[PDB]
Structures are given as C-alpha cells and as structure tokens.
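What follows is a set of notes on a single structure, which appears directly below.
Counting neighbours? That spans all protein chains shown, and the Cβs are built from the backbone with ideal geometry, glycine included. Every number in this text was worked out from the coordinates using simple rules, so none of it is lab data.
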Amino acid sequence: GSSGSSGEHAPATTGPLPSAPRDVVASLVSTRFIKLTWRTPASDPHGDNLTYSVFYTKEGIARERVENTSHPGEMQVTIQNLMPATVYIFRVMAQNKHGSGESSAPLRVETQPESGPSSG
C-alpha cells in the first residue's frame with residue numbers, strides 16, 4: 001500500500017485510530033492451529049469496514065507473525081502452521097482506512113499434545 005520508510009520512526013500527521021476488538025477468545029485449539037473469535041470493538045460496533053490482524057508469538061519470543069482475516073469484518077480467524085503443546089500469545093487488532101489502531105490484550109493459548117507418530 002505505497003508503504004514508506006524512515007530513519008528514526010519520525011512522526012507523521014494522521015487522524016484518529018480505532019480500538020482493538022473485545023471478547024478475544026479461542027473458539028477452538030487445534031494441535032497444528034487455533035481458532036480465534038472476538039466481538040466488535042467499542043470504536044466500531046460493526047467493524048465491517050475494518051480488517052482484523054492477529055499476531056501470534058511463542059511465550060517469550062518477540063518475533064510474531066500477523067494473519068489478516070481472509071475477509072474483512074470476520075469476527076473469527078484460524079491460525080494454522082502452529083506447534084502442538086506450545087504456548088502462543090495471540091493478539092487481535094482492528095484496521096480501517098486509517099491503519100493499525102490498538103492491539104487487543106495478549107491471549108495465552110496453549111495447543112494440545114498431538115497423538116504422536118503411532119498412527120493407531
């Protein structure tokens with residue numbers, strides 16, 4: 001999106017920003033992924049004109065990856081390509097014509113210990 005660059009995170013003129021979503025919870029916890037589910041943010045009761053970004057990162061790790069909801073307004077999203085029996089901090093955030101507002105609270109989600117190699 002015509003991204004830019006800076007030297008010292010120089011300040012830039014921008015309008016107001018929304019507020020992270022609420023009721024941030026995991027509808028389901030898979031061994032290779034985790035189902036997330038949240039409600040509309042106070043700033044946007046419809047959050048239909050703003051996308052939602054989910055940042056996941058192992059407890060302690062700073063390197064986190066963002067996952068844009070396949071579709072805007074989706075009050076739910078799935079995070080595949082995860083490790084079983086491993087804690088992960090999921091953070092949901094809203095995004096509108098402006099950009100990234102506030103990052104929801106860090107949700108501690110722990111996957112389940114896969115069955116293992118034995119197919120059985």
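Within region 18-40, the residues that satisfy the criterion of being touching an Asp or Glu at 6+ places or on another chain (Cβ under 7 Å) and in a loop (DSSP other than H, G, I, E, B) are 18, 19, 20, 31. Looking across 61, 79, 89, one residue alone is over 25 Å from residue 1 (Cβ atoms), among the β-branched types (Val, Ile, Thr) and touching a strand residue (DSSP E or B) at 6+ places or on another chain (Cβ under 8 Å). It is 89.
Considering 43, 53, the condition of being in contact (Cβ under 8 Å) with a residue 12 or more places away in the chain, assigned to a loop (DSSP other than H, G, I, E, B), polar (S, T, N, Q) and in contact with a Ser or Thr (Cβ under 8 Å, 6 or more places away or on another chain) is satisfied by 43 alone. Quick check on my filter: what residues within region 23-45 are farther than 11 Å from residue 110 by Cα, surrounded by 14 or more Cβ atoms within 10 Å (Cβ to Cβ) and not aliphatic (A, V, I, L, M)? Correct list: 35, 37, 38, 40, 41, 43, 44.
Give me the residue from region 46-66 that is within 12 Å of residue 107 (Cβ to Cβ) and surrounded by 14 or more Cβ atoms within 10 Å (Cβ to Cβ) and, out of that set, nearest to the chain's Cα centre (by Cα).
It comes out as 54.
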